[PDB]
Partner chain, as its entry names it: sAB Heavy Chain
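Quick setup: one chain, the form deposited without the partner chain, written in structure tokens, and binding and motion questions come after.
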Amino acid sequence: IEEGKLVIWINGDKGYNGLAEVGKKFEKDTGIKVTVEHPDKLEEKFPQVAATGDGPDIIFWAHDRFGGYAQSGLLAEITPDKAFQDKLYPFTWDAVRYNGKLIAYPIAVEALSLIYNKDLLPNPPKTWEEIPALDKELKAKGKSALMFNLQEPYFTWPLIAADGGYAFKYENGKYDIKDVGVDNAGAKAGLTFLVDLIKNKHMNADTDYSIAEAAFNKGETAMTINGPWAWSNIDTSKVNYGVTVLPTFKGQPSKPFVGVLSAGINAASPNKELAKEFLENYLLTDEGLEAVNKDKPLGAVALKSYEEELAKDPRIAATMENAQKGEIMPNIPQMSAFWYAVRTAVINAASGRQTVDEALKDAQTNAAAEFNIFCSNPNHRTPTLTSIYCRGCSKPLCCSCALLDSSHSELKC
């Protein structure tokens, strides 16, 4: 890692051009060059190069992957004084706490929403159950009802979770990684409904991000499912669209996994103080987030002063409504094994390579095998085993401390 400059990694679907404009303001004020890059599969590349001290000074990703990076020692602990912490919403700071330590700067809150074409669909459906008949009526006009990414489980999880699927069982402020809900009856029903859409030719198993975005932004399909970053290309497309709450399934809301875009500092960076200055005094400002947001919308931003400007945007309102009904992703190291298992299950069930019950029993098994953790209470003289994490601080707790100790209450720790 090169001394005296900053290298930044951020996903290709984010506003990397706007962040680069923030880096040029930084360079004009300090003389420090800032290089922004968007490598492919950066969330799998970063743990690989950082383990030997390579990679960027700063990495951006949703918060769910940062706990695994921190567990492996790849992320520096950040030290914002309390005056700066008061500038961001408390909700966002919780997402970046791992093992009781803050391990990243929260940037923005993201959640999936239903996006619809107002000209084709003045009244968007409230339920998943209405989409088949709605697709039948729109094909009689040369359009389709719904196209969204079927290749990434992030997009299909809201439906799978709607009727009772879960990653890890959350109970009184705590997760239990021994209790996985990927092959239960509520997850089977949601995936079975999705596979039925493809079987009855209302959707194609092959549909990915680029195909769905192209079909919606050209006026071919009435609805898509996507996050705030996708609004930039819709806005320049000529489509007259709205953003709204995801439809219900079996009378229960779709529950999107909520992400907090977060900026982590590489443990091996010799430019940590320059990185903190960049993130605190240039990015996490009204002007800094505005430049990023004007490139690709971030969603609801963590900095209160600027979110108060964005809040009147109806698309932000819908994003927040969906976030309320969904749930914050855990940042525990087991999250990436969960995502890998669900990705395979969904793709194989949608393609007909496996039945729904085959695919999800495999996902449950493969994930559980991947899921040796010890309780964080320092008064344990010997390492005390557990499979429970506190959600607020992402600390392991044994069954004894989880029940007997008053600390780590569901409300506050």
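Residue numbers count along the first chain shown, from 1. Each form is matched to the other, and the largest set of C-alpha atoms that superpose within 1.5 Å is called the rigid core.
In the deposited sequence, the stretch from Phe371 to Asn372 hides 1 to 3 residues that have no coordinates.
Once the C-alpha B-factors are averaged per stretch, 138 to 146 and 160 to 168 rank with 138 to 146 first. When 48 to 56 is weighed against 362 to 370, 362 to 370 comes out higher, by mean CA B-factor as recorded in the entry. When the C-alpha B factors of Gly219, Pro333, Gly251, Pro228 are read from the deposited coordinates, the top value falls at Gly219.
Taking only the listed residues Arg315, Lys272, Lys201, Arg343, the entry reports the highest CA temperature factor at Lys201. Among all modelled residues in this chain, the alpha-carbon of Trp61 has a temperature factor (C-alpha) in the lowest third. When the CA B factors of the chain's modelled residues are split into thirds, the value for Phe193 lands in the highest one. Ranked by Cα temperature factor within the chain, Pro106 sits in the lowest third according to the deposited record. Placement of the Cα temperature factor of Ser72 within the chain: highest third of the modelled residues, per the deposited record. The entry lists a Cα temperature factor for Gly264 that places it in the lowest third of the chain's modelled residues.
FYI, the form solved in complex with the partner chain isn't displayed, but the following is about it.
Of the candidates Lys143, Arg315, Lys272, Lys174, the Cα that moves 2 angstroms or more after core superposition between the shown form and the other one belongs to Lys174 alone. Remark: with the core as the superposition reference, the CA shift of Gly31 between the shown form and the other one stays below 2 Å.
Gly352 shows a C-alpha shift below 2 Å between the shown form and the other one [criterion: core-superposed Cα displacement of 2 Å].
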